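Chemist: Before I ask anything, here's the sequence and the deposited coordinates:
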Amino acid sequence: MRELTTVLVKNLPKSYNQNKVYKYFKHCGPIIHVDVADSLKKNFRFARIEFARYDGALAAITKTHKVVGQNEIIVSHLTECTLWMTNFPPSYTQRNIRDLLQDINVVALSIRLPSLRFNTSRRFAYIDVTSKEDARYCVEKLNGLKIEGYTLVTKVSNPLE
C-alpha cells in the first residue's frame, strides 16, 4: 500500500492540446486512461493520466523537461484531489456528476465512471477537482448522506497510494 500509478500534468498551453498530449503519453508508456482539464476559470490548464504502473509514472514525470511554446508543462504524480464514490448506485451517469460538481463546487478537473462488464458491476467511480478546499467539506457531508437507506460513501484521496 503505496504506489503512484497515476500522474497529473499542469500548465498546458495551446501548444499541448489533447491531440499533442496524446502523441506524448503513448510515446511514454502503456496507459489505461488519459484526459485533459480545461479549467476556464484559471489561466493554466491541467491533465490526468492513469498509466496504472510505476514505470509508467516515471516515463511521464521524466518527459516534463521539454518546453512547448513559451509554457513549460509540469508532469508529476497525482495529488489527493480525486473524489471517488464506492457505496453508490450505477444510476450516477457521467453527466449527473458534471451537474453535481457544478452544484457544490462550480468547476471540476475530470470525471471517470467504471466499465467492468455492462453496467451492473457495483464497482467504484473517480472524479478529480481543483476545488479541493471545498471538497474537504463535501466529503464529510456525502460520507454519511442517505439514499434509499444506503449510507453513501465517498472519499477525497487517491485509493492506491
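Modeler: Ah, there it is. Numbers count the residues shown, from 1 in each chain.

Chemist: what does the domain assignment say about this protein?
Modeler: 1-77, 78-161 (curated CATH domains).

Chemist: Look up which residues are beta-bridged to the residue positioned nearest the centre of the chain.
Modeler: Per CA atoms, centre = their mean, the C-alpha nearest to the average position across the chain is that of residue 128, at 3.8 Å. Note on residue 128: beta-bridge partners by DSSP bridges are residue 82, residue 110.

Chemist: all strands of this protein, in order?
Modeler: Secondary structure of the chain by DSSP state E: the strands cover 6-11, 33-37, 45-50, 74-77, 82-85, 110-112, 125-128, 146-147, 150-151, 154-156.

Chemist: do you know which of these lies nearest residue 99?
Modeler: Set against residue 99 and scored by CB to CB, the strands of the chain come closest in strand 110-112, at 10.7 Å. To be clear about C-beta, it is placed using only N, CA and C from the backbone, and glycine gets the same treatment.

Chemist: if I look at residue 1, how far off is residue 112?
Modeler: In this view, residue 1 and residue 112 are 21 Å apart by CB to CB, to the nearest Å.

Chemist: brain fart, residue 125
Modeler: Using CB to CB, residue 125 is found at 7 Å from residue 112.

Chemist: got it, and residue 154?
Modeler: From residue 154 to residue 112 the distance is 14 Å (CB to CB).

Chemist: same thing with residue 53?
Modeler: According to CB to CB, residue 53 and residue 112 sit 17 Å apart.

Chemist: Next: residue 119.
Modeler: Applying CB to CB to residue 119 and residue 112 gives a distance of 15 Å.

Chemist: Residue 74 bridge partners, please.
Modeler: Note on residue 74: beta-bridge partners by DSSP bridges are residue 10.

Chemist: does it really touch residue 10, like I thought?
Modeler: Yes: Residue 74 lies in contact with residue 10 (CB atoms under 8 Å); the separation is 4.2 Å.
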